[PDB]
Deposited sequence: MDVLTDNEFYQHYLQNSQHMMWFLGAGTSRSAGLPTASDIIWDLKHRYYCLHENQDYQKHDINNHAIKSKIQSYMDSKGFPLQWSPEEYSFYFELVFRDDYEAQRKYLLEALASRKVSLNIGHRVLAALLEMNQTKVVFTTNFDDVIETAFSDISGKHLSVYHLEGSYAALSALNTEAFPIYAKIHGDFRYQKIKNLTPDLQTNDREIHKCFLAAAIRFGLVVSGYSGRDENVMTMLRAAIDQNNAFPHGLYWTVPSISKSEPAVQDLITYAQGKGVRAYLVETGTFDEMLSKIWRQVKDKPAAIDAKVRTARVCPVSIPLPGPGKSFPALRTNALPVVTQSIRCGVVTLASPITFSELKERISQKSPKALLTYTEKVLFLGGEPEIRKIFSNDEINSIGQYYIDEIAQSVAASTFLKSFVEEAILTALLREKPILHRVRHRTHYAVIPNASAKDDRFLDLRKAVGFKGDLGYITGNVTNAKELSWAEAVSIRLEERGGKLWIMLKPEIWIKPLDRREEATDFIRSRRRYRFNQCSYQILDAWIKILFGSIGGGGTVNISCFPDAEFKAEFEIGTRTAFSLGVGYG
């Protein structure tokens, strides 16, 4: 029942980390690209079943169960299935096990780099493992530039002496129960070397505390060594910590080992920290005295900003016409009113609503205005104002992209210039601007084309009227106008719409609007957009540009050079 918490196994490792040893496994290498024992087991079992889909796992598992194979997840499948598939072919067995555990992907992850870094500085001294790959060696060599001292079954005979000469760091690869064959069939005294390496583990575990990650308990000699180490007096003085991805799949053999350690008396817990990379990253977070060079190698540095080059113009003809009109103007001149005492945007808006000025205003670090001097002198008494100058706005695209207030200000200057000296109305709904058609003057020739675009079967249509089931409501044809900055350029977005006269009473005409725009398909929408563009900008499609002026007879006006042709593209080749 004594099981530690995720957070409780992070302050203990923070306090004392020098008296800690590790026992890695296959799972710790899984994120590096090398499949674990279970992945090979399913591969061999599928190979015995004869790119194949993994969606038939249950059927082949049931067919395994029918014959009487040991069990699923039982610590017997590895050797059994290896022998069954490869018979007695030793060379083929080596060829297979050297191809799926080769330096193929062998790509390092965050956990391996963190462990190599902790091996660099004198934080972790001895690391044991059952793997026979080069993930830890490669990470240590990359981070440090030196070579680790690896002791395995190739004539080491130095591990136990190394602990005494304190020759850290000490990485000891152990054979276990199945590396290439079984441990039984190694005649040339290689079992004595394994016994010596295991005997070194007793002295190693006498002083240190153990943290086992990525191990399942498959082997038998490893478990016997762990039990023998536990049998030693005051073994693991700092305790034993077995970290698992989840308790629900916590390896009853591992649970039995934890129970035995608790029974004999050992600070042993069954900790759950998720994956290996997660635990190693969280451990790396709370580390003191980190060298500057190491931190660059451990965590991934800043990634370069994304930049995909834009193609050129196209030549195919199923063309695409958008609804955005380019804006060429990039330099305008506005006014600045230096004040004796600074104000806020809310107070400026309230004062604007107080007396109606024939000018536009907005507030930044300095207050900007467009219009006439007497207008601002009406909105601002002569006592408070000191001097009135000018404020250049070069490259309006970047200023609009960066600053938000300038966006709204330029949008309103542009629309005031557009709707000026024209019969079109001006309405606002949720900060969006519209160009509604007046009911009184919806009969002259300037709107005639629009009528032709809203008719049926060549007949003329109506651009203003009253809602059918409403004796108070009325409706007109409008268009929403927006200003958008994209790619360092300014576009005006146009979208035809229908305006209802009482703004608060628009939910009573939803069905009328939906019926009105139901068959406004590609051709009708094309014609409606063309008619609206002709209405707003005067010149019909195909014209280059038209200049629009805001407050033309004023000291601080606004001239714009909006383009009439809408943005389009052609297909490649």
| query | Which parts of the deposited sequence lack C-alpha coordinates? | reply | 51-61, 585-586
